[PDB]
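**Student:** structure22.pdb is reproduced in full below (PDB, C-alpha atoms and all ligand atoms).
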ATOM      1  CA  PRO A  48      12.113 101.404 215.669
ATOM      2  CA  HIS A  49      11.130  99.574 218.934
ATOM      3  CA  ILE A  50       9.953  95.932 219.414
ATOM      4  CA  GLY A  51      11.013  94.491 222.746
ATOM      5  CA  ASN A  52      14.265  95.343 224.496
ATOM      6  CA  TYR A  53      15.397  96.332 220.926
ATOM      7  CA  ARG A  54      16.107  99.400 218.717
ATOM      8  CA  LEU A  55      15.917  98.724 214.998
ATOM      9  CA  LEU A  56      18.815 100.501 213.214
ATOM     10  CA  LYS A  57      19.479  99.644 209.490
ATOM     11  CA  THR A  58      17.852  96.905 207.310
ATOM     12  CA  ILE A  59      20.377  94.232 206.206
ATOM     13  CA  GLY A  60      17.694  92.943 203.759
ATOM     14  CA  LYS A  61      13.967  92.561 202.850
ATOM     15  CA  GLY A  62      12.301  89.795 200.712
ATOM     16  CA  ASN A  63       9.662  86.973 200.864
ATOM     17  CA  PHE A  64       7.452  89.048 203.368
ATOM     18  CA  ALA A  65      10.361  88.842 205.880
ATOM     19  CA  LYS A  66      12.545  91.855 206.746
ATOM     20  CA  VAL A  67      15.915  91.303 208.452
ATOM     21  CA  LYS A  68      16.647  94.494 210.453
ATOM     22  CA  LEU A  69      19.986  95.201 212.233
ATOM     23  CA  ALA A  70      19.123  96.047 215.887
ATOM     24  CA  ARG A  71      20.637  96.809 219.310
ATOM     25  CA  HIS A  72      19.652  95.033 222.541
ATOM     26  CA  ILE A  73      18.568  97.917 224.720
ATOM     27  CA  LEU A  74      19.476  96.529 228.256
ATOM     28  CA  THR A  75      22.889  95.135 227.120
ATOM     29  CA  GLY A  76      23.823  97.430 224.170
ATOM     30  CA  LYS A  77      24.740  94.194 222.282
ATOM     31  CA  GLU A  78      24.104  94.122 218.508
ATOM     32  CA  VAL A  79      21.599  91.602 217.071
ATOM     33  CA  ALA A  80      19.967  90.914 213.641
ATOM     34  CA  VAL A  81      16.131  90.689 213.893
ATOM     35  CA  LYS A  82      14.196  88.601 211.280
ATOM     36  CA  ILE A  83      10.556  89.977 210.948
ATOM     37  CA  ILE A  84       8.220  87.444 209.244
ATOM     38  CA  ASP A  85       4.628  88.508 208.504
ATOM     39  CA  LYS A  86       2.855  85.179 209.038
ATOM     40  CA  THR A  87      -0.428  86.468 207.439
ATOM     41  CA  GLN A  88       1.223  86.383 203.993
ATOM     42  CA  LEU A  89       3.005  82.954 204.231
ATOM     43  CA  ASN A  90       1.371  80.105 202.351
ATOM     44  CA  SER A  91       0.231  76.954 204.238
ATOM     45  CA  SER A  92       3.581  75.119 203.463
ATOM     46  CA  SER A  93       6.023  78.068 204.110
ATOM     47  CA  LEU A  94       4.724  78.181 207.735
ATOM     48  CA  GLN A  95       5.506  74.511 208.612
ATOM     49  CA  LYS A  96       8.990  75.196 207.103
ATOM     50  CA  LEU A  97       9.267  78.378 209.268
ATOM     51  CA  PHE A  98       8.263  76.453 212.447
ATOM     52  CA  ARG A  99      10.715  73.641 211.551
ATOM     53  CA  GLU A 100      13.485  76.364 211.378
ATOM     54  CA  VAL A 101      12.427  77.884 214.783
ATOM     55  CA  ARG A 102      12.612  74.361 216.326
ATOM     56  CA  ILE A 103      16.117  73.804 214.804
ATOM     57  CA  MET A 104      17.585  77.254 215.727
ATOM     58  CA  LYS A 105      16.566  76.604 219.379
ATOM     59  CA  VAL A 106      18.722  73.421 219.458
ATOM     60  CA  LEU A 107      22.002  74.334 217.702
ATOM     61  CA  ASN A 108      24.752  75.932 219.860
ATOM     62  CA  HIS A 109      27.847  76.074 217.627
ATOM     63  CA  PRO A 110      30.338  78.984 217.227
ATOM     64  CA  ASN A 111      29.952  78.676 213.426
ATOM     65  CA  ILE A 112      26.104  78.674 213.182
ATOM     66  CA  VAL A 113      23.994  81.884 213.712
ATOM     67  CA  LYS A 114      22.841  81.721 217.353
ATOM     68  CA  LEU A 115      19.165  82.358 218.158
ATOM     69  CA  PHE A 116      18.612  84.699 221.209
ATOM     70  CA  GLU A 117      14.862  85.426 221.225
ATOM     71  CA  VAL A 118      11.517  84.468 219.660
ATOM     72  CA  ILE A 119       8.841  87.234 219.957
ATOM     73  CA  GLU A 120       5.443  85.849 218.894
ATOM     74  CA  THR A 121       2.301  87.784 217.827
ATOM     75  CA  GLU A 122      -0.749  86.411 215.891
ATOM     76  CA  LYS A 123       0.150  88.294 212.689
ATOM     77  CA  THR A 124       3.965  88.432 212.896
ATOM     78  CA  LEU A 125       7.050  86.489 214.116
ATOM     79  CA  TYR A 126      10.281  88.138 215.439
ATOM     80  CA  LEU A 127      13.430  86.013 215.400
ATOM     81  CA  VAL A 128      16.289  87.777 217.212
ATOM     82  CA  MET A 129      19.483  86.130 215.949
ATOM     83  CA  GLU A 130      23.287  86.642 215.927
ATOM     84  CA  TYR A 131      24.555  89.391 213.549
ATOM     85  CA  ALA A 132      27.294  88.391 211.019
ATOM     86  CA  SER A 133      28.953  91.720 210.026
ATOM     87  CA  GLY A 134      31.182  90.326 207.219
ATOM     88  CA  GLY A 135      28.150  89.568 205.033
ATOM     89  CA  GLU A 136      27.879  86.708 202.465
ATOM     90  CA  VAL A 137      30.825  84.395 201.624
ATOM     91  CA  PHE A 138      29.467  84.507 198.015
ATOM     92  CA  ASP A 139      29.899  88.320 197.996
ATOM     93  CA  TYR A 140      33.419  87.887 199.527
ATOM     94  CA  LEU A 141      34.450  85.355 196.804
ATOM     95  CA  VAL A 142      33.257  87.745 194.063
ATOM     96  CA  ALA A 143      35.060  90.729 195.780
ATOM     97  CA  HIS A 144      38.382  88.996 196.544
ATOM     98  CA  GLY A 145      38.394  86.120 194.083
ATOM     99  CA  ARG A 146      39.386  82.618 195.218
ATOM    100  CA  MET A 147      40.847  82.020 198.714
ATOM    101  CA  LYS A 148      44.322  80.558 199.182
ATOM    102  CA  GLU A 149      44.075  76.865 200.265
ATOM    103  CA  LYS A 150      45.415  77.956 203.710
ATOM    104  CA  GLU A 151      42.587  80.532 204.127
ATOM    105  CA  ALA A 152      39.960  78.224 202.555
ATOM    106  CA  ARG A 153      41.020  75.497 205.099
ATOM    107  CA  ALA A 154      40.416  77.906 208.022
ATOM    108  CA  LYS A 155      36.821  78.537 206.864
ATOM    109  CA  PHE A 156      36.144  74.966 205.572
ATOM    110  CA  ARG A 157      37.083  73.377 208.951
ATOM    111  CA  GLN A 158      34.439  75.707 210.533
ATOM    112  CA  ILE A 159      31.882  74.678 207.819
ATOM    113  CA  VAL A 160      32.560  70.892 208.078
ATOM    114  CA  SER A 161      32.425  71.021 211.932
ATOM    115  CA  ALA A 162      29.079  72.952 211.976
ATOM    116  CA  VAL A 163      27.410  70.729 209.312
ATOM    117  CA  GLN A 164      28.644  67.500 211.027
ATOM    118  CA  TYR A 165      27.248  68.890 214.354
ATOM    119  CA  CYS A 166      23.860  69.373 212.557
ATOM    120  CA  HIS A 167      23.962  65.699 211.349
ATOM    121  CA  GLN A 168      24.999  64.680 214.894
ATOM    122  CA  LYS A 169      21.532  65.961 216.020
ATOM    123  CA  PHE A 170      19.858  64.408 212.893
ATOM    124  CA  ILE A 171      19.369  67.857 211.224
ATOM    125  CA  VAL A 172      20.029  68.070 207.447
ATOM    126  CA  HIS A 173      20.383  71.533 205.776
ATOM    127  CA  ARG A 174      19.637  70.057 202.253
ATOM    128  CA  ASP A 175      20.382  73.596 200.795
ATOM    129  CA  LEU A 176      24.062  74.562 201.383
ATOM    130  CA  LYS A 177      24.981  77.583 199.144
ATOM    131  CA  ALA A 178      27.751  80.260 199.293
ATOM    132  CA  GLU A 179      24.947  82.781 199.883
ATOM    133  CA  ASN A 180      23.854  80.562 202.817
ATOM    134  CA  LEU A 181      27.214  81.042 204.615
ATOM    135  CA  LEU A 182      28.051  84.287 206.401
ATOM    136  CA  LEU A 183      31.210  85.863 207.891
ATOM    137  CA  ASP A 184      31.581  87.522 211.338
ATOM    138  CA  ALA A 185      33.771  90.521 212.372
ATOM    139  CA  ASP A 186      36.864  88.175 212.616
ATOM    140  CA  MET A 187      36.158  86.311 209.224
ATOM    141  CA  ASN A 188      34.623  83.293 211.034
ATOM    142  CA  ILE A 189      31.924  81.234 209.272
ATOM    143  CA  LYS A 190      28.353  81.781 210.574
ATOM    144  CA  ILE A 191      25.996  79.393 208.677
ATOM    145  CA  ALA A 192      22.638  81.040 207.857
ATOM    146  CA  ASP A 193      19.097  79.673 208.128
ATOM    147  CA  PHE A 194      17.129  76.470 207.494
ATOM    148  CA  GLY A 195      13.751  77.639 206.031
ATOM    149  CA  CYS A 210      18.946  82.061 192.991
ATOM    150  CA  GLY A 211      22.095  79.838 193.032
ATOM    151  CA  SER A 212      20.427  76.746 194.549
ATOM    152  CA  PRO A 213      20.951  74.345 191.512
ATOM    153  CA  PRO A 214      24.837  73.953 191.146
ATOM    154  CA  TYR A 215      24.945  72.673 194.763
ATOM    155  CA  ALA A 216      22.176  70.112 193.937
ATOM    156  CA  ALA A 217      23.162  66.478 194.613
ATOM    157  CA  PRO A 218      22.974  64.044 191.580
ATOM    158  CA  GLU A 219      20.095  62.176 193.327
ATOM    159  CA  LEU A 220      17.886  65.228 192.562
ATOM    160  CA  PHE A 221      18.046  64.541 188.827
ATOM    161  CA  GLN A 222      17.333  60.773 189.192
ATOM    162  CA  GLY A 223      14.204  61.087 191.416
ATOM    163  CA  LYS A 224      15.903  58.976 194.179
ATOM    164  CA  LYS A 225      14.646  59.607 197.824
ATOM    165  CA  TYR A 226      16.672  62.894 198.595
ATOM    166  CA  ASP A 227      16.151  62.967 202.406
ATOM    167  CA  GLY A 228      19.577  61.871 203.731
ATOM    168  CA  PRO A 229      22.595  63.701 205.209
ATOM    169  CA  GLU A 230      24.922  62.469 202.386
ATOM    170  CA  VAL A 231      23.144  65.191 200.305
ATOM    171  CA  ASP A 232      25.013  67.841 202.413
ATOM    172  CA  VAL A 233      28.339  66.033 201.854
ATOM    173  CA  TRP A 234      27.957  66.450 198.037
ATOM    174  CA  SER A 235      26.977  70.151 198.613
ATOM    175  CA  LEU A 236      29.979  70.681 201.015
ATOM    176  CA  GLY A 237      32.241  69.407 198.253
ATOM    177  CA  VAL A 238      30.793  72.045 195.869
ATOM    178  CA  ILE A 239      31.420  74.725 198.558
ATOM    179  CA  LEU A 240      35.076  73.517 199.034
ATOM    180  CA  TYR A 241      35.615  73.780 195.266
ATOM    181  CA  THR A 242      34.064  77.293 195.200
ATOM    182  CA  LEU A 243      36.168  78.424 198.201
ATOM    183  CA  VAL A 244      39.546  77.430 196.611
ATOM    184  CA  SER A 245      38.707  78.226 192.911
ATOM    185  CA  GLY A 246      36.088  81.012 193.127
ATOM    186  CA  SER A 247      33.894  79.233 190.545
ATOM    187  CA  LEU A 248      31.372  76.381 190.279
ATOM    188  CA  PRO A 249      32.466  72.793 189.481
ATOM    189  CA  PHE A 250      29.280  71.989 187.523
ATOM    190  CA  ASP A 251      28.021  74.704 185.192
ATOM    191  CA  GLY A 252      25.577  75.153 182.354
ATOM    192  CA  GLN A 253      23.558  77.693 180.368
ATOM    193  CA  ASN A 254      20.385  75.503 180.572
ATOM    194  CA  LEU A 255      19.330  73.130 183.411
ATOM    195  CA  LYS A 256      19.595  70.223 180.861
ATOM    196  CA  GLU A 257      23.337  71.133 180.678
ATOM    197  CA  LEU A 258      23.612  71.583 184.505
ATOM    198  CA  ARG A 259      22.039  68.086 184.966
ATOM    199  CA  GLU A 260      24.306  66.417 182.310
ATOM    200  CA  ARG A 261      27.428  67.718 184.179
ATOM    201  CA  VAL A 262      26.188  66.924 187.715
ATOM    202  CA  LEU A 263      25.185  63.350 186.687
ATOM    203  CA  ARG A 264      28.527  62.814 184.811
ATOM    204  CA  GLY A 265      30.279  63.756 188.100
ATOM    205  CA  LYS A 266      33.316  65.176 186.303
ATOM    206  CA  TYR A 267      34.576  68.694 187.222
ATOM    207  CA  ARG A 268      37.265  71.119 185.967
ATOM    208  CA  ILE A 269      40.494  70.996 188.110
ATOM    209  CA  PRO A 270      42.322  74.406 188.468
ATOM    210  CA  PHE A 271      46.003  74.249 187.511
ATOM    211  CA  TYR A 272      46.951  75.653 190.956
ATOM    212  CA  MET A 273      44.892  73.206 193.098
ATOM    213  CA  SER A 274      46.963  70.829 195.289
ATOM    214  CA  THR A 275      46.740  67.025 194.926
ATOM    215  CA  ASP A 276      45.533  66.985 198.592
ATOM    216  CA  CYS A 277      42.669  69.421 197.958
ATOM    217  CA  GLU A 278      41.575  67.572 194.783
ATOM    218  CA  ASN A 279      41.588  64.360 196.870
ATOM    219  CA  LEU A 280      39.197  65.798 199.433
ATOM    220  CA  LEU A 281      36.885  66.813 196.569
ATOM    221  CA  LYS A 282      37.014  63.104 195.596
ATOM    222  CA  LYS A 283      35.804  62.310 199.223
ATOM    223  CA  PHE A 284      32.743  64.603 198.802
ATOM    224  CA  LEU A 285      31.676  64.598 195.128
ATOM    225  CA  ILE A 286      30.870  60.836 194.803
ATOM    226  CA  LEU A 287      27.969  59.889 192.447
ATOM    227  CA  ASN A 288      26.407  56.971 194.414
ATOM    228  CA  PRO A 289      25.078  58.457 197.748
ATOM    229  CA  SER A 290      25.867  55.228 199.619
ATOM    230  CA  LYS A 291      29.470  55.329 198.268
ATOM    231  CA  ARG A 292      29.842  58.898 199.838
ATOM    232  CA  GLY A 293      31.953  59.188 203.024
ATOM    233  CA  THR A 294      30.549  60.234 206.456
ATOM    234  CA  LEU A 295      31.484  63.761 207.598
ATOM    235  CA  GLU A 296      33.304  62.196 210.627
ATOM    236  CA  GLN A 297      35.632  60.195 208.324
ATOM    237  CA  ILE A 298      36.227  63.163 205.939
ATOM    238  CA  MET A 299      37.256  65.154 209.087
ATOM    239  CA  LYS A 300      40.421  62.956 209.387
ATOM    240  CA  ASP A 301      41.540  63.972 205.781
ATOM    241  CA  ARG A 302      45.149  65.185 205.318
ATOM    242  CA  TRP A 303      44.126  68.461 203.520
ATOM    243  CA  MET A 304      41.727  69.285 206.402
ATOM    244  CA  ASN A 305      44.537  69.051 209.040
ATOM    245  CA  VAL A 306      47.495  70.838 207.296
ATOM    246  CA  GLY A 307      48.885  73.051 210.070
ATOM    247  CA  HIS A 308      46.492  71.381 212.554
ATOM    248  CA  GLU A 309      48.950  68.454 212.989
ATOM    249  CA  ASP A 310      48.291  69.175 216.714
ATOM    250  CA  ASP A 311      44.459  69.479 216.705
ATOM    251  CA  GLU A 312      42.792  66.932 214.371
ATOM    252  CA  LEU A 313      39.229  67.783 213.282
ATOM    253  CA  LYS A 314      36.960  66.003 215.707
ATOM    254  CA  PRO A 315      33.093  66.098 215.865
ATOM    255  CA  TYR A 316      31.910  69.195 217.745
ATOM    256  CA  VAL A 317      31.518  68.367 221.431
ATOM    257  CA  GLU A 318      28.694  70.672 222.637
ATOM    258  CA  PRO A 319      29.490  72.725 225.803
ATOM    259  CA  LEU A 320      27.688  71.951 229.043
ATOM    260  CA  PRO A 321      24.929  74.308 230.219
ATOM    261  CA  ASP A 322      25.743  77.213 232.577
ATOM    262  CA  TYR A 323      22.251  78.429 233.575
ATOM    263  CA  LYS A 324      23.715  79.630 236.951
ATOM    264  CA  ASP A 325      26.517  82.225 236.116
ATOM    265  CA  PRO A 326      26.554  84.585 239.188
ATOM    266  CA  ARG A 327      27.821  87.639 237.203
ATOM    267  CA  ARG A 328      24.941  87.568 234.611
ATOM    268  CA  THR A 329      22.438  86.450 237.324
ATOM    269  CA  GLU A 330      23.087  89.454 239.692
ATOM    270  CA  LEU A 331      23.015  91.885 236.727
ATOM    271  CA  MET A 332      19.579  90.365 235.838
ATOM    272  CA  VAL A 333      18.469  90.298 239.527
ATOM    273  CA  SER A 334      19.189  94.077 239.715
ATOM    274  CA  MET A 335      17.331  94.418 236.315
ATOM    275  CA  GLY A 336      14.185  93.227 238.174
ATOM    276  CA  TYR A 337      14.305  89.553 237.047
ATOM    277  CA  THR A 338      13.957  86.832 239.747
ATOM    278  CA  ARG A 339      16.713  84.098 240.125
ATOM    279  CA  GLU A 340      13.699  81.768 239.904
ATOM    280  CA  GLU A 341      12.436  83.002 236.462
ATOM    281  CA  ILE A 342      16.057  83.151 235.170
ATOM    282  CA  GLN A 343      16.674  79.386 235.783
ATOM    283  CA  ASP A 344      13.132  78.371 234.592
ATOM    284  CA  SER A 345      13.471  80.309 231.244
ATOM    285  CA  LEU A 346      16.947  78.755 230.704
ATOM    286  CA  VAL A 347      16.042  75.147 231.681
ATOM    287  CA  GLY A 348      12.751  75.488 229.770
ATOM    288  CA  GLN A 349      14.770  76.919 226.782
ATOM    289  CA  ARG A 350      11.931  79.399 226.240
ATOM    290  CA  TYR A 351      13.917  82.032 224.196
ATOM    291  CA  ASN A 352      11.937  84.751 225.976
ATOM    292  CA  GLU A 353      13.159  88.192 227.052
ATOM    293  CA  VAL A 354      14.763  86.598 230.207
ATOM    294  CA  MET A 355      16.762  84.001 228.153
ATOM    295  CA  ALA A 356      17.785  86.553 225.454
ATOM    296  CA  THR A 357      18.962  88.944 228.261
ATOM    297  CA  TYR A 358      21.110  86.061 229.673
ATOM    298  CA  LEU A 359      22.569  84.770 226.311
ATOM    299  CA  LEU A 360      23.429  88.330 225.226
ATOM    300  CA  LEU A 361      25.070  89.108 228.613
ATOM    301  CA  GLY A 362      27.746  86.446 227.892
ATOM    302  CA  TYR A 363      29.881  88.717 225.644
TER
HETATM  303  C1  LIG B   1      19.533  87.153 210.885
HETATM  304  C2  LIG B   1      20.422  86.587 209.791
HETATM  305  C3  LIG B   1      20.801  85.154 210.088
HETATM  306  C4  LIG B   1      19.708  86.664 208.459
HETATM  307  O1  LIG B   1      18.605  86.199 208.214
HETATM  308  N1  LIG B   1      20.515  87.368 207.591
HETATM  309  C5  LIG B   1      20.055  87.799 206.278
HETATM  310  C6  LIG B   1      20.000  89.305 206.010
HETATM  311  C7  LIG B   1      20.667  89.586 204.674
HETATM  312  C8  LIG B   1      21.272  88.279 204.322
HETATM  313  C9  LIG B   1      22.099  87.978 203.263
HETATM  314  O2  LIG B   1      22.464  88.938 202.342
HETATM  315  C10 LIG B   1      22.574  86.688 203.115
HETATM  316  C11 LIG B   1      22.226  85.698 204.015
HETATM  317  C12 LIG B   1      21.395  85.998 205.074
HETATM  318  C13 LIG B   1      20.934  87.293 205.207
HETATM  319  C14 LIG B   1      21.657  87.868 208.240
HETATM  320  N2  LIG B   1      22.621  88.641 207.739
HETATM  321  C15 LIG B   1      23.592  88.968 208.601
HETATM  322  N3  LIG B   1      24.647  89.776 208.161
HETATM  323  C16 LIG B   1      24.822  90.364 206.880
HETATM  324  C17 LIG B   1      25.553  91.540 206.804
HETATM  325  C18 LIG B   1      25.760  92.140 205.582
HETATM  326  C19 LIG B   1      25.242  91.575 204.431
HETATM  327  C20 LIG B   1      24.520  90.405 204.487
HETATM  328  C21 LIG B   1      24.319  89.806 205.709
HETATM  329  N4  LIG B   1      23.655  88.587 209.887
HETATM  330  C22 LIG B   1      22.662  87.815 210.349
HETATM  331  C23 LIG B   1      21.626  87.427 209.531
END
Would you mind giving the structure from this file in structure tokens?
**Tutor:**
Amino acid sequence: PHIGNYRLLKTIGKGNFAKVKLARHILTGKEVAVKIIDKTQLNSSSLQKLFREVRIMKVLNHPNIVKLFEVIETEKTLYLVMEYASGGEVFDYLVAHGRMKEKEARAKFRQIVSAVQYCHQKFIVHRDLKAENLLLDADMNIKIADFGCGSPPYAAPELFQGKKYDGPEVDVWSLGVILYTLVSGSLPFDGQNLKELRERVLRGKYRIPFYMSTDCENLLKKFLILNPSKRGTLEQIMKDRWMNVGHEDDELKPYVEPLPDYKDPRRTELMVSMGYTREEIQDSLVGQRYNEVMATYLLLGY
């Protein structure tokens, strides 16, 4: 029930020797979601993939991606203190409420497209976008999960033809699947067997719901393109008419990262009173250490 400046409350999930426990930052009262990986178990390959995630989480600062606050390292176990998304899975929302209205789907999809483009902007490819992989916050805002089962209907055609499969245009195909799922509540490419799943995915043809708008169906045509080269960049799909209905004022533009504020005097005095030195505060922040000093600062900005 106690790790660092944290009190473990519930358990939002267990699994692959990792336990995600809902916690409360002790010094700030702020709620967090702590991922507890037992490194002793993890096979040789799962570790490199865990370290690649740690490296990635430390870099992304988007309001639609789960923020990382702290990394607590021990020889046997790893503690990743991340942002808690109360609303749960989008998958579980789509099963509970059915399809979203295009208006509502647009609200969430803009958030998804912005966050995935921003990843590509920093040369980071998710390669595994799923509805399970997207979370919702207290205000129904998208909070994309982690980078390291319903994995096959989101698979790009290039998976079934052995071709490279390392590019960002893989995520564009996947994003198209997600758009379809968000507006229709079902998968565009289905099957009973994977031979069937492959035959549909490679044919590239999907079922169009009688209620879907010509604009929405057009955007699907911008994502779900068979030749990877022939697939549009996320920056050019951002300019799409369906994407900007109602946002005739604010067109979807690539996420422009905010500038660093490692010197806020409110949060700095609070932390100076807490026993931390101004000196260690700036060093932890500039050094992007994700230590107890940095986590105390990040969490104080709420
Ligand atoms: C730390 C982090 C990013 C994470 O690893 N998960 C896990 C844990 C359960 C789970 C899942 O059911 C689906 C995706 C991710 C996850 C998180 N789940 C939440 N909220 C939640 C709330 C109710 C139901 C499901 C998820 N917030 C943050 C995270």
**Student:** Skip residue A:219 itself and residues of its chain fewer than 2 positions away, then list as a PDB file with C-alpha atoms, in the frame of the given file all residues within 9 Å of it, counting all atoms listed in the file.
**Tutor:**
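Writing the result to around.pdb gives the following:
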ATOM      1  CA  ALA A 216      22.176  70.112 193.937  1.00  0.00           C
ATOM      2  CA  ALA A 217      23.162  66.478 194.613  1.00  0.00           C
ATOM      3  CA  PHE A 221      18.046  64.541 188.827  1.00  0.00           C
ATOM      4  CA  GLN A 222      17.333  60.773 189.192  1.00  0.00           C
ATOM      5  CA  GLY A 223      14.204  61.087 191.416  1.00  0.00           C
ATOM      6  CA  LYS A 224      15.903  58.976 194.179  1.00  0.00           C
ATOM      7  CA  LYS A 225      14.646  59.607 197.824  1.00  0.00           C
ATOM      8  CA  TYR A 226      16.672  62.894 198.595  1.00  0.00           C
ATOM      9  CA  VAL A 231      23.144  65.191 200.305  1.00  0.00           C
ATOM     10  CA  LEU A 263      25.185  63.350 186.687  1.00  0.00           C
ATOM     11  CA  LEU A 287      27.969  59.889 192.447  1.00  0.00           C
ATOM     12  CA  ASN A 288      26.407  56.971 194.414  1.00  0.00           C
ATOM     13  CA  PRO A 289      25.078  58.457 197.748  1.00  0.00           C
TER      14      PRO A 289
END
**Student:** On this structure, which residues satisfy the PyMOL selection byres (((not hetatm)) within 9 of (chain B and resi 1)), written as number ranges by chain?
**Tutor:** A: 58-61, 65-69, 79-82, 112-115, 127-139, 179-184, 190-193
**Student:** Residue A:213: which residues within 12 Å, counting only C-alpha atoms, same-chain residues fewer than 4 positions away excluded, as a list in words?
**Tutor:** residues 174, 175, 176, 177, 178, 217, 218, 220, 221, 235, 238, 248, 249, 250, 251, 252, 253, 254, 255, 256, 257, 258, 259, 261 and 262 of chain A
**Student:** From the set A:95, A:52, A:124, A:294, which residue has the shortest atom-to-atom contact distance to residue A:83, counting all atoms listed in the file?
**Tutor:** A:124
**Student:** I'd like to know which of A:353, A:230, A:344, A:330 is closest to residue A:120, using only C-alpha atoms.
**Tutor:**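 Once distances to residue A:120 are computed over only C-alpha atoms, the minimum belongs to A:353.
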**Student:** Using the chain letters and numbers from the file, give me the residues hit by the PyMOL selection byres (((chain A and resi 318-322) around 9) and not hetatm), as a ChimeraX atom specification.
**Tutor:** /A:108-109,165,316-317,323-325
**Student:** Between atom CA of residue A:88 and atom CA of residue A:57, measure the distance and give it in Å to one decimal.
**Tutor:**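 These two atoms are separated by 23.2 Å.
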**Student:** Can you rebuild stretch 326-342 of chain A with N, CA and C atoms and give it as an mmCIF file, in the frame of the given file?
**Tutor:**
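selection-v3.cif written:
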data_model
loop_
_atom_site.group_PDB
_atom_site.id
_atom_site.type_symbol
_atom_site.label_atom_id
_atom_site.label_comp_id
_atom_site.auth_asym_id
_atom_site.auth_seq_id
_atom_site.Cartn_x
_atom_site.Cartn_y
_atom_site.Cartn_z
ATOM 1 N N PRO A 326 26.905 83.525 238.219
ATOM 2 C CA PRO A 326 26.554 84.585 239.188
ATOM 3 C C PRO A 326 26.743 86.034 238.731
ATOM 4 N N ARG A 327 27.614 86.285 237.720
ATOM 5 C CA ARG A 327 27.821 87.639 237.203
ATOM 6 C C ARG A 327 26.510 88.087 236.513
ATOM 7 N N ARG A 328 26.127 87.352 235.435
ATOM 8 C CA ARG A 328 24.941 87.568 234.611
ATOM 9 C C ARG A 328 23.656 87.481 235.413
ATOM 10 N N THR A 329 23.625 86.634 236.481
ATOM 11 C CA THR A 329 22.438 86.450 237.324
ATOM 12 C C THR A 329 22.213 87.678 238.232
ATOM 13 N N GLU A 330 23.279 88.261 238.857
ATOM 14 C CA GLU A 330 23.087 89.454 239.692
ATOM 15 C C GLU A 330 22.640 90.615 238.828
ATOM 16 N N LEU A 331 23.342 90.846 237.700
ATOM 17 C CA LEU A 331 23.015 91.885 236.727
ATOM 18 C C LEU A 331 21.509 91.870 236.443
ATOM 19 N N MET A 332 20.974 90.665 236.138
ATOM 20 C CA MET A 332 19.579 90.365 235.838
ATOM 21 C C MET A 332 18.681 90.423 237.067
ATOM 22 N N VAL A 333 19.240 90.220 238.276
ATOM 23 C CA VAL A 333 18.469 90.298 239.527
ATOM 24 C C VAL A 333 18.211 91.783 239.819
ATOM 25 N N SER A 334 19.239 92.624 239.577
ATOM 26 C CA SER A 334 19.189 94.077 239.715
ATOM 27 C C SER A 334 18.206 94.640 238.675
ATOM 28 N N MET A 335 18.198 94.050 237.442
ATOM 29 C CA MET A 335 17.331 94.418 236.315
ATOM 30 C C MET A 335 15.832 94.168 236.592
ATOM 31 N N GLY A 336 15.540 93.547 237.741
ATOM 32 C CA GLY A 336 14.185 93.227 238.174
ATOM 33 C C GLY A 336 13.775 91.778 238.014
ATOM 34 N N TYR A 337 14.582 90.974 237.276
ATOM 35 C CA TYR A 337 14.305 89.553 237.047
ATOM 36 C C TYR A 337 14.553 88.748 238.334
ATOM 37 N N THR A 338 13.770 87.681 238.563
ATOM 38 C CA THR A 338 13.957 86.832 239.747
ATOM 39 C C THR A 338 14.902 85.689 239.386
ATOM 40 N N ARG A 339 15.770 85.228 240.337
ATOM 41 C CA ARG A 339 16.713 84.098 240.125
ATOM 42 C C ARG A 339 15.922 82.907 239.582
ATOM 43 N N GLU A 340 14.713 82.777 240.139
ATOM 44 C CA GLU A 340 13.699 81.768 239.904
ATOM 45 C C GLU A 340 13.295 81.745 238.420
ATOM 46 N N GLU A 341 12.852 82.905 237.863
ATOM 47 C CA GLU A 341 12.436 83.002 236.462
ATOM 48 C C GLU A 341 13.623 82.844 235.506
ATOM 49 N N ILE A 342 14.825 83.264 235.938
ATOM 50 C CA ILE A 342 16.057 83.151 235.170
ATOM 51 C C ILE A 342 16.291 81.672 234.889
#
